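Below: start11.tsv (TSV, N, CA and C atoms)
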chain	number	residue	atom	x	y	z
A	1	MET	N	43.92	-4.33	53.15
A	1	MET	CA	45.10	-4.76	52.37
A	1	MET	C	44.76	-6.06	51.62
A	2	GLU	N	44.13	-5.90	50.44
A	2	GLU	CA	43.72	-7.00	49.56
A	2	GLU	C	44.69	-7.07	48.37
A	3	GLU	N	45.31	-8.24	48.15
A	3	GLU	CA	46.15	-8.49	46.97
A	3	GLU	C	45.21	-8.62	45.75
A	4	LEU	N	45.10	-7.52	44.99
A	4	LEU	CA	44.25	-7.44	43.78
A	4	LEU	C	45.14	-7.42	42.54
A	5	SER	N	45.12	-8.52	41.77
A	5	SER	CA	45.89	-8.67	40.52
A	5	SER	C	45.07	-8.10	39.35
A	6	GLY	N	45.34	-6.86	38.96
A	6	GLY	CA	44.60	-6.21	37.88
A	6	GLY	C	45.09	-4.81	37.61
A	7	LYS	N	44.41	-3.80	38.23
A	7	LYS	CA	44.71	-2.37	38.03
A	7	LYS	C	46.19	-2.07	38.43
A	8	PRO	N	46.86	-1.06	37.80
A	8	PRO	CA	48.23	-0.69	38.18
A	8	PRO	C	48.27	-0.02	39.56
A	9	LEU	N	49.43	-0.11	40.23
A	9	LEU	CA	49.67	0.63	41.47
A	9	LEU	C	49.69	2.14	41.17
A	10	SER	N	49.03	2.93	42.02
A	10	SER	CA	49.01	4.39	41.90
A	10	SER	C	50.37	4.98	42.32
A	11	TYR	N	50.52	6.31	42.19
A	11	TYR	CA	51.73	7.03	42.60
A	11	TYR	C	52.03	6.77	44.08
A	12	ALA	N	51.01	7.02	44.93
A	12	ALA	CA	51.10	6.87	46.40
A	12	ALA	C	51.32	5.41	46.82
A	13	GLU	N	50.80	4.46	46.00
A	13	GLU	CA	50.98	3.02	46.23
A	13	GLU	C	52.44	2.61	45.94
A	14	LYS	N	53.02	3.23	44.90
A	14	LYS	CA	54.43	3.02	44.54
A	14	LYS	C	55.35	3.63	45.61
A	15	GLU	N	54.94	4.79	46.17
A	15	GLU	CA	55.71	5.49	47.22
A	15	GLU	C	55.82	4.62	48.47
A	16	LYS	N	54.66	4.13	48.96
A	16	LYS	CA	54.61	3.26	50.14
A	16	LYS	C	55.35	1.93	49.88
A	17	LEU	N	55.36	1.48	48.60
A	17	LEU	CA	56.02	0.23	48.20
A	17	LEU	C	57.56	0.38	48.18
A	18	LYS	N	58.08	1.48	47.61
A	18	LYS	CA	59.54	1.67	47.47
A	18	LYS	C	60.18	1.93	48.85
A	19	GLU	N	59.44	2.63	49.74
A	19	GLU	CA	59.90	2.89	51.12
A	19	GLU	C	59.75	1.62	51.97
A	20	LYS	N	58.76	0.75	51.61
A	20	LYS	CA	58.61	-0.60	52.18
A	20	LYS	C	59.88	-1.42	51.94
A	21	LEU	N	60.30	-1.49	50.66
A	21	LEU	CA	61.46	-2.29	50.22
A	21	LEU	C	62.73	-1.81	50.91
A	22	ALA	N	62.92	-0.48	50.96
A	22	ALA	CA	64.10	0.17	51.55
A	22	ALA	C	64.11	0.05	53.09
A	23	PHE	N	62.90	0.08	53.71
A	23	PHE	CA	62.73	-0.03	55.17
A	23	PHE	C	63.15	-1.43	55.65
A	24	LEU	N	62.51	-2.45	55.06
A	24	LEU	CA	62.76	-3.84	55.40
A	24	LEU	C	64.20	-4.25	55.04
A	25	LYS	N	64.76	-3.61	53.99
A	25	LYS	CA	66.15	-3.83	53.52
A	25	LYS	C	67.19	-3.35	54.56
A	26	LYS	N	67.07	-2.08	54.99
A	26	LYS	CA	68.06	-1.45	55.89
A	26	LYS	C	68.04	-2.12	57.28
A	27	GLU	N	66.81	-2.46	57.77
A	27	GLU	CA	66.65	-3.13	59.06
A	27	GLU	C	67.17	-4.57	58.96
A	28	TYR	N	66.91	-5.25	57.81
A	28	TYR	CA	67.35	-6.65	57.55
A	28	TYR	C	68.86	-6.76	57.73
A	29	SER	N	69.59	-5.86	57.06
A	29	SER	CA	71.05	-5.82	57.11
A	29	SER	C	71.56	-5.64	58.56
A	30	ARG	N	70.99	-4.64	59.28
A	30	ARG	CA	71.40	-4.30	60.66
A	30	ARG	C	71.09	-5.43	61.68
A	31	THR	N	69.84	-5.90	61.65
A	31	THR	CA	69.30	-6.83	62.65
A	31	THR	C	69.78	-8.29	62.41
A	32	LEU	N	70.02	-8.65	61.13
A	32	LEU	CA	70.64	-9.94	60.78
A	32	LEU	C	72.11	-9.91	61.21
A	33	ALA	N	72.78	-8.74	61.03
A	33	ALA	CA	74.18	-8.54	61.44
A	33	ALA	C	74.38	-8.89	62.92
A	34	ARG	N	73.56	-8.26	63.78
A	34	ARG	CA	73.62	-8.44	65.24
A	34	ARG	C	73.18	-9.86	65.66
A	35	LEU	N	72.22	-10.45	64.90
A	35	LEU	CA	71.75	-11.84	65.13
A	35	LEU	C	72.94	-12.79	64.98
A	36	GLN	N	73.75	-12.59	63.91
A	36	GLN	CA	74.93	-13.42	63.62
A	36	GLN	C	76.01	-13.23	64.69
A	37	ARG	N	76.22	-11.97	65.13
A	37	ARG	CA	77.22	-11.64	66.17
A	37	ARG	C	76.85	-12.27	67.53
A	38	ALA	N	75.54	-12.48	67.74
A	38	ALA	CA	75.02	-13.15	68.93
A	38	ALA	C	75.25	-14.68	68.86
A	39	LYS	N	74.67	-15.31	67.82
A	39	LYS	CA	74.57	-16.78	67.71
A	39	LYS	C	75.91	-17.44	67.31
A	40	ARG	N	76.64	-16.83	66.36
A	40	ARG	CA	77.87	-17.41	65.79
A	40	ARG	C	79.04	-17.32	66.78
A	41	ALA	N	79.21	-16.12	67.37
A	41	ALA	CA	80.33	-15.82	68.29
A	41	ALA	C	80.15	-16.55	69.63
A	42	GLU	N	78.90	-16.51	70.18
A	42	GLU	CA	78.52	-17.15	71.47
A	42	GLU	C	79.30	-16.54	72.67
A	43	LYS	N	79.79	-15.30	72.47
A	43	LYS	CA	80.61	-14.53	73.44
A	43	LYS	C	79.96	-14.43	74.83
A	44	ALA	N	78.61	-14.38	74.86
A	44	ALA	CA	77.83	-14.23	76.10
A	44	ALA	C	76.66	-15.23	76.11
A	45	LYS	N	77.01	-16.51	75.93
A	45	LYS	CA	76.02	-17.62	75.79
A	45	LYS	C	75.27	-17.94	77.11
A	46	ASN	N	75.66	-17.27	78.22
A	46	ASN	CA	75.18	-17.58	79.59
A	46	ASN	C	75.63	-18.99	79.99
A	47	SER	N	76.91	-19.09	80.40
A	47	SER	CA	77.50	-20.32	80.93
A	47	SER	C	76.87	-20.65	82.28
A	48	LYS	N	76.88	-21.95	82.66
A	48	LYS	CA	76.26	-22.42	83.91
A	48	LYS	C	76.97	-21.74	85.11
A	49	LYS	N	76.30	-20.72	85.64
A	49	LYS	CA	76.75	-19.94	86.81
A	49	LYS	C	76.10	-20.48	88.09
A	50	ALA	N	76.45	-19.85	89.22
A	50	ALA	CA	75.81	-20.10	90.51
A	50	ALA	C	74.40	-19.48	90.49
A	51	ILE	N	73.38	-20.34	90.32
A	51	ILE	CA	71.95	-19.94	90.18
A	51	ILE	C	71.38	-19.19	91.42
A	52	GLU	N	72.17	-19.17	92.51
A	52	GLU	CA	71.85	-18.46	93.76
A	52	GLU	C	71.82	-16.92	93.54
A	53	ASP	N	70.66	-16.41	93.14
A	53	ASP	CA	70.40	-14.96	93.00
A	53	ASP	C	69.25	-14.59	93.94
A	54	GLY	N	68.73	-13.36	93.80
A	54	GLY	CA	67.51	-12.94	94.49
A	54	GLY	C	66.26	-13.48	93.79
A	55	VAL	N	66.19	-14.82	93.68
A	55	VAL	CA	65.11	-15.52	92.98
A	55	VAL	C	63.90	-15.69	93.93
A	56	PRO	N	62.71	-15.12	93.59
A	56	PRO	CA	61.49	-15.29	94.38
A	56	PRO	C	60.78	-16.62	94.06
A	57	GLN	N	59.64	-16.83	94.71
A	57	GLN	CA	58.72	-17.92	94.38
A	57	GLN	C	58.13	-17.66	92.97
A	58	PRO	N	58.32	-18.61	91.98
A	58	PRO	CA	57.81	-18.44	90.58
A	58	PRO	C	56.29	-18.21	90.53
A	59	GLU	N	55.55	-18.88	91.43
A	59	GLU	CA	54.09	-18.74	91.53
A	59	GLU	C	53.63	-18.94	92.98
A	60	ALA	N	53.95	-20.13	93.52
A	60	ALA	CA	53.52	-20.59	94.86
A	60	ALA	C	52.00	-20.80	94.90
A	61	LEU	N	51.54	-21.82	94.15
A	61	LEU	CA	50.15	-22.29	94.20
A	61	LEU	C	50.00	-23.16	95.47
A	62	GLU	N	49.24	-22.66	96.45
A	62	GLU	CA	48.98	-23.36	97.71
A	62	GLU	C	48.11	-24.61	97.42
B	1	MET	N	61.48	0.45	69.25
B	1	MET	CA	62.78	0.04	68.67
B	1	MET	C	63.90	0.43	69.64
B	2	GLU	N	64.32	-0.54	70.47
B	2	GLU	CA	65.42	-0.38	71.45
B	2	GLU	C	66.66	-1.15	70.96
B	3	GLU	N	67.81	-0.94	71.61
B	3	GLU	CA	69.07	-1.59	71.24
B	3	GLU	C	69.83	-2.00	72.52
B	4	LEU	N	69.68	-3.28	72.92
B	4	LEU	CA	70.26	-3.82	74.16
B	4	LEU	C	71.50	-4.67	73.84
B	5	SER	N	72.68	-4.17	74.24
B	5	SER	CA	73.98	-4.85	74.06
B	5	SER	C	74.39	-5.61	75.35
B	6	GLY	N	75.65	-6.09	75.39
B	6	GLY	CA	76.17	-6.87	76.52
B	6	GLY	C	75.82	-8.34	76.36
B	7	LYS	N	74.67	-8.74	76.92
B	7	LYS	CA	74.08	-10.07	76.69
B	7	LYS	C	73.38	-10.08	75.30
B	8	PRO	N	73.26	-11.27	74.62
B	8	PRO	CA	72.61	-11.37	73.30
B	8	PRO	C	71.07	-11.41	73.41
B	9	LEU	N	70.43	-11.66	72.26
B	9	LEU	CA	68.99	-11.89	72.19
B	9	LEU	C	68.62	-13.22	72.90
B	10	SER	N	67.44	-13.24	73.55
B	10	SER	CA	66.87	-14.45	74.18
B	10	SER	C	66.33	-15.40	73.09
B	11	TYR	N	65.84	-16.58	73.52
B	11	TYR	CA	65.22	-17.57	72.61
B	11	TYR	C	64.07	-16.92	71.82
B	12	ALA	N	63.12	-16.31	72.56
B	12	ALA	CA	61.91	-15.67	72.00
B	12	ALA	C	62.26	-14.45	71.12
B	13	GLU	N	63.38	-13.78	71.45
B	13	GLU	CA	63.88	-12.63	70.67
B	13	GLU	C	64.46	-13.10	69.33
B	14	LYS	N	65.13	-14.27	69.35
B	14	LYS	CA	65.66	-14.92	68.15
B	14	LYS	C	64.51	-15.41	67.26
B	15	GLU	N	63.43	-15.92	67.89
B	15	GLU	CA	62.25	-16.42	67.18
B	15	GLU	C	61.58	-15.30	66.38
B	16	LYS	N	61.30	-14.18	67.07
B	16	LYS	CA	60.67	-13.01	66.43
B	16	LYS	C	61.60	-12.41	65.35
B	17	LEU	N	62.93	-12.56	65.55
B	17	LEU	CA	63.94	-12.04	64.61
B	17	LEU	C	64.01	-12.89	63.32
B	18	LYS	N	64.03	-14.24	63.46
B	18	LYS	CA	64.19	-15.13	62.28
B	18	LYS	C	62.92	-15.11	61.41
B	19	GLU	N	61.74	-14.97	62.07
B	19	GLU	CA	60.45	-14.87	61.36
B	19	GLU	C	60.31	-13.46	60.76
B	20	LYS	N	60.95	-12.44	61.40
B	20	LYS	CA	61.08	-11.08	60.84
B	20	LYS	C	61.79	-11.13	59.49
B	21	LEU	N	62.98	-11.78	59.48
B	21	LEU	CA	63.85	-11.86	58.29
B	21	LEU	C	63.12	-12.57	57.15
B	22	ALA	N	62.46	-13.70	57.49
B	22	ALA	CA	61.72	-14.54	56.52
B	22	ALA	C	60.44	-13.84	56.02
B	23	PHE	N	59.78	-13.06	56.90
B	23	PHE	CA	58.54	-12.32	56.58
B	23	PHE	C	58.83	-11.23	55.54
B	24	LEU	N	59.79	-10.34	55.88
B	24	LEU	CA	60.18	-9.23	55.03
B	24	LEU	C	60.81	-9.73	53.72
B	25	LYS	N	61.47	-10.91	53.78
B	25	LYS	CA	62.11	-11.57	52.62
B	25	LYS	C	61.07	-12.04	51.58
B	26	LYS	N	60.06	-12.81	52.04
B	26	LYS	CA	59.05	-13.43	51.15
B	26	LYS	C	58.16	-12.35	50.51
B	27	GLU	N	57.79	-11.32	51.32
B	27	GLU	CA	56.97	-10.22	50.84
B	27	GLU	C	57.78	-9.36	49.85
B	28	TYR	N	59.10	-9.15	50.16
B	28	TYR	CA	60.03	-8.36	49.32
B	28	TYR	C	60.06	-8.91	47.90
B	29	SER	N	60.27	-10.23	47.79
B	29	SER	CA	60.33	-10.93	46.51
B	29	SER	C	59.02	-10.75	45.71
B	30	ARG	N	57.88	-11.00	46.37
B	30	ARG	CA	56.54	-10.92	45.75
B	30	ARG	C	56.18	-9.48	45.28
B	31	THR	N	56.32	-8.52	46.20
B	31	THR	CA	55.85	-7.15	46.03
B	31	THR	C	56.80	-6.32	45.13
B	32	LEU	N	58.10	-6.64	45.16
B	32	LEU	CA	59.09	-6.05	44.22
B	32	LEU	C	58.82	-6.59	42.82
B	33	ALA	N	58.49	-7.91	42.72
B	33	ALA	CA	58.16	-8.57	41.45
B	33	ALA	C	57.05	-7.82	40.71
B	34	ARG	N	55.93	-7.60	41.41
B	34	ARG	CA	54.74	-6.93	40.85
B	34	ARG	C	55.01	-5.43	40.57
B	35	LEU	N	55.87	-4.80	41.41
B	35	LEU	CA	56.29	-3.39	41.24
B	35	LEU	C	57.00	-3.26	39.87
B	36	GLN	N	57.90	-4.22	39.56
B	36	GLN	CA	58.66	-4.24	38.30
B	36	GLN	C	57.72	-4.48	37.11
B	37	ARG	N	56.76	-5.41	37.28
B	37	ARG	CA	55.78	-5.75	36.23
B	37	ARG	C	54.87	-4.55	35.90
B	38	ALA	N	54.65	-3.68	36.89
B	38	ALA	CA	53.88	-2.44	36.73
B	38	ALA	C	54.70	-1.37	35.97
B	39	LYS	N	55.86	-1.00	36.55
B	39	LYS	CA	56.66	0.16	36.10
B	39	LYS	C	57.44	-0.11	34.79
B	40	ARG	N	58.05	-1.31	34.68
B	40	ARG	CA	58.94	-1.66	33.55
B	40	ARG	C	58.15	-1.91	32.26
B	41	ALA	N	57.06	-2.69	32.40
B	41	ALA	CA	56.22	-3.11	31.27
B	41	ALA	C	55.39	-1.93	30.74
B	42	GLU	N	54.80	-1.14	31.69
B	42	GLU	CA	53.92	0.02	31.38
B	42	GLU	C	52.67	-0.43	30.60
B	43	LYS	N	52.32	-1.74	30.75
B	43	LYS	CA	51.16	-2.39	30.07
B	43	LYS	C	49.83	-1.66	30.35
B	44	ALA	N	49.77	-1.00	31.51
B	44	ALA	CA	48.62	-0.24	31.97
B	44	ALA	C	49.12	0.75	33.02
B	45	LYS	N	49.32	1.99	32.59
B	45	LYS	CA	49.61	3.14	33.48
B	45	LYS	C	48.35	3.97	33.77
B	46	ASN	N	47.26	3.64	33.04
B	46	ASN	CA	46.07	4.47	32.89
B	46	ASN	C	46.46	5.79	32.18
B	47	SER	N	46.44	5.73	30.84
B	47	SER	CA	46.89	6.83	29.96
B	47	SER	C	45.95	8.06	30.03
B	48	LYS	N	46.32	9.13	29.27
B	48	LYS	CA	45.59	10.42	29.25
B	48	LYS	C	44.11	10.20	28.90
B	49	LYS	N	43.22	10.81	29.69
B	49	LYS	CA	41.77	10.57	29.63
B	49	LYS	C	40.98	11.86	29.82
B	50	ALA	N	39.69	11.79	29.48
B	50	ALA	CA	38.72	12.85	29.77
B	50	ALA	C	38.18	12.66	31.19
B	51	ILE	N	37.90	13.76	31.89
B	51	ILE	CA	37.42	13.75	33.30
B	51	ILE	C	35.97	13.22	33.44
B	52	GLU	N	35.31	13.00	32.29
B	52	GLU	CA	33.90	12.59	32.22
B	52	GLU	C	33.72	11.11	32.59
B	53	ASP	N	33.75	10.84	33.90
B	53	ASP	CA	33.47	9.52	34.51
B	53	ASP	C	32.63	9.75	35.77
B	54	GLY	N	31.86	10.86	35.76
B	54	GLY	CA	31.16	11.34	36.95
B	54	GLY	C	32.12	11.98	37.94
B	55	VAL	N	32.89	12.97	37.44
B	55	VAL	CA	33.89	13.71	38.24
B	55	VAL	C	33.23	14.47	39.43
B	56	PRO	N	33.75	14.30	40.69
B	56	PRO	CA	33.24	15.04	41.86
B	56	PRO	C	33.77	16.50	41.88
B	57	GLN	N	32.93	17.41	42.40
B	57	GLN	CA	33.27	18.83	42.51
B	57	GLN	C	34.33	19.04	43.63
B	58	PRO	N	35.51	19.67	43.31
B	58	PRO	CA	36.64	19.80	44.28
B	58	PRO	C	36.26	20.60	45.55
B	59	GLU	N	35.67	21.80	45.36
B	59	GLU	CA	35.16	22.63	46.49
B	59	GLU	C	34.02	23.55	45.99
B	60	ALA	N	33.26	23.07	44.98
B	60	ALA	CA	32.18	23.85	44.35
B	60	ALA	C	30.88	23.86	45.18
B	61	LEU	N	30.90	23.22	46.38
B	61	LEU	CA	29.78	23.29	47.34
B	61	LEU	C	29.55	24.74	47.80
B	62	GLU	N	30.66	25.52	47.92
B	62	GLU	CA	30.62	26.94	48.30
B	62	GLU	C	31.99	27.59	47.99

How does the structure come out when it is put into structure tokens?
Amino acid sequence: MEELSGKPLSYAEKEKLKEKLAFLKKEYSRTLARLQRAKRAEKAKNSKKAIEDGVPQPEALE
Amino acid sequence: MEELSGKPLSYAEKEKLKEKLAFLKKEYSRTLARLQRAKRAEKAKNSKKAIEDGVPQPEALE
């Protein structure tokens, strides 16, 4: 994948390019949407709970 | 490509997401730009030509 400024893009190069633009576009809209619903709303920010769970030894270097 | 609801994205999930948005964004601008300069201008489509450039045999081996 070398950025070569010269020869025109071929048919197949245009195909992979237009589906590139549409792929990154459709995912951008969806994944940015959910990113905003996470960070802006803060509905499930993980408030300071009772840390007493089934927590094991993180490493235990003797 | 999974879809986990309830709790939001983690710190590292937000990191990979924001760099995702910025990655696809910067490339989109650049690669769409050159796509337009190719197709709209038509400065070089490689016009109608003779096959005499040392054309390879399609299946003339047998």

Expressed in Å, the length from atom N of residue 21 in chain B to CA of residue 26 in chain A is 12.1 Å

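Across all paired C-alpha atoms, the best overlay of chain A on chain B gives 1.3 Å RMSD.
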
Kindly determine which residues of chain B lie within 7 Å of chain A, considering only N, CA and C atoms, and give the answer as an MDAnalysis selection string.
-> chainID B and resid 6:9 21 24 28 38 44:46

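Picture a line from atom N of residue 49 in chain A to atom N of residue 33 in chain A; it runs 27.6 Å.
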
Axis-aligned box for all listed atoms of range 22-27 of chain B, 3 Å per side, centre and edges in Å to one decimal, as AutoDock Vina command-line options:
--center_x 59.7 --center_y -11.9 --center_z 53.7 --size_x 11.5 --size_y 11.3 --size_z 13.6

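Atom C of residue 12 in chain A is found 21.8 Å from atom N of residue 50 in chain B.
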
Per DSSP on the backbone, filter chain A down to the residues in helix (DSSP H, G or I) and report them as a count of residues only.
-> 29

Pull range 21-57 of chain B out of the block and emit N, CA and C atoms, as a compact mmCIF listing (two decimals), in the first residue's frame.
# COMPACT_ATOMS: atom_id res chain seq x y z
N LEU B 21 -12.24 6.82 14.93
CA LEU B 21 -13.00 7.92 14.33
C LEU B 21 -12.05 8.88 13.59
N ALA B 22 -10.93 9.22 14.25
CA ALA B 22 -9.91 10.14 13.71
C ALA B 22 -9.12 9.51 12.54
N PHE B 23 -8.89 8.18 12.61
CA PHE B 23 -8.16 7.42 11.57
C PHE B 23 -8.95 7.41 10.26
N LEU B 24 -10.20 6.92 10.35
CA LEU B 24 -11.10 6.81 9.21
C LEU B 24 -11.45 8.21 8.65
N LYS B 25 -11.48 9.22 9.54
CA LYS B 25 -11.75 10.64 9.18
C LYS B 25 -10.65 11.24 8.30
N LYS B 26 -9.38 11.13 8.76
CA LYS B 26 -8.23 11.76 8.08
C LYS B 26 -7.97 11.09 6.72
N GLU B 27 -8.11 9.74 6.68
CA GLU B 27 -7.92 8.97 5.45
C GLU B 27 -9.07 9.28 4.48
N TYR B 28 -10.32 9.41 5.01
CA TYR B 28 -11.53 9.71 4.22
C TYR B 28 -11.34 10.99 3.42
N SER B 29 -10.91 12.05 4.11
CA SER B 29 -10.66 13.36 3.50
C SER B 29 -9.61 13.26 2.37
N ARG B 30 -8.47 12.62 2.66
CA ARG B 30 -7.34 12.48 1.72
C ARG B 30 -7.72 11.63 0.46
N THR B 31 -8.28 10.45 0.71
CA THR B 31 -8.51 9.43 -0.32
C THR B 31 -9.77 9.75 -1.17
N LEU B 32 -10.76 10.42 -0.56
CA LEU B 32 -11.93 10.94 -1.30
C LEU B 32 -11.48 12.09 -2.19
N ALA B 33 -10.57 12.95 -1.66
CA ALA B 33 -10.00 14.09 -2.40
C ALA B 33 -9.40 13.64 -3.74
N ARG B 34 -8.50 12.64 -3.66
CA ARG B 34 -7.78 12.10 -4.83
C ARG B 34 -8.73 11.33 -5.77
N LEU B 35 -9.77 10.67 -5.18
CA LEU B 35 -10.81 9.95 -5.94
C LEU B 35 -11.53 10.96 -6.87
N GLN B 36 -11.88 12.14 -6.31
CA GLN B 36 -12.57 13.21 -7.05
C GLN B 36 -11.66 13.78 -8.14
N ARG B 37 -10.37 13.98 -7.81
CA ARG B 37 -9.38 14.53 -8.75
C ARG B 37 -9.15 13.57 -9.94
N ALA B 38 -9.35 12.27 -9.70
CA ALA B 38 -9.26 11.23 -10.74
C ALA B 38 -10.51 11.25 -11.65
N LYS B 39 -11.69 11.05 -11.03
CA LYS B 39 -12.95 10.80 -11.76
C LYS B 39 -13.55 12.08 -12.39
N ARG B 40 -13.52 13.20 -11.65
CA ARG B 40 -14.18 14.46 -12.06
C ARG B 40 -13.39 15.16 -13.18
N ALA B 41 -12.06 15.24 -12.99
CA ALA B 41 -11.16 15.93 -13.92
C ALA B 41 -10.99 15.15 -15.23
N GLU B 42 -10.82 13.79 -15.09
CA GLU B 42 -10.60 12.86 -16.23
C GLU B 42 -9.31 13.21 -17.00
N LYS B 43 -8.38 13.91 -16.29
CA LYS B 43 -7.07 14.38 -16.82
C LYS B 43 -6.24 13.22 -17.42
N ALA B 44 -6.46 12.02 -16.88
CA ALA B 44 -5.79 10.79 -17.29
C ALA B 44 -6.67 9.63 -16.85
N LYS B 45 -7.45 9.10 -17.80
CA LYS B 45 -8.22 7.84 -17.62
C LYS B 45 -7.50 6.64 -18.24
N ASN B 46 -6.40 6.94 -18.97
CA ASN B 46 -5.75 6.03 -19.91
C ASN B 46 -6.74 5.69 -21.05
N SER B 47 -6.73 6.56 -22.07
CA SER B 47 -7.67 6.49 -23.21
C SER B 47 -7.42 5.26 -24.12
N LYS B 48 -8.27 5.12 -25.17
CA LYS B 48 -8.24 3.98 -26.11
C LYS B 48 -6.84 3.82 -26.73
N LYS B 49 -6.32 2.59 -26.72
CA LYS B 49 -4.93 2.28 -27.09
C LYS B 49 -4.85 0.98 -27.89
N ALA B 50 -3.68 0.77 -28.52
CA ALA B 50 -3.33 -0.48 -29.17
C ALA B 50 -2.72 -1.42 -28.12
N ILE B 51 -2.97 -2.73 -28.26
CA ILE B 51 -2.51 -3.77 -27.29
C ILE B 51 -0.98 -4.00 -27.36
N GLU B 52 -0.32 -3.37 -28.34
CA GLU B 52 1.12 -3.54 -28.62
C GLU B 52 1.99 -2.80 -27.59
N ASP B 53 2.12 -3.41 -26.41
CA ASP B 53 3.01 -2.97 -25.31
C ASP B 53 3.67 -4.22 -24.71
N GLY B 54 3.82 -5.26 -25.55
CA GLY B 54 4.25 -6.58 -25.10
C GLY B 54 3.13 -7.30 -24.38
N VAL B 55 1.97 -7.42 -25.06
CA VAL B 55 0.75 -8.07 -24.51
C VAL B 55 1.01 -9.57 -24.20
N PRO B 56 0.67 -10.06 -22.96
CA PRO B 56 0.80 -11.48 -22.61
C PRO B 56 -0.35 -12.32 -23.21
N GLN B 57 -0.03 -13.58 -23.56
CA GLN B 57 -1.00 -14.52 -24.13
C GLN B 57 -2.00 -14.99 -23.03
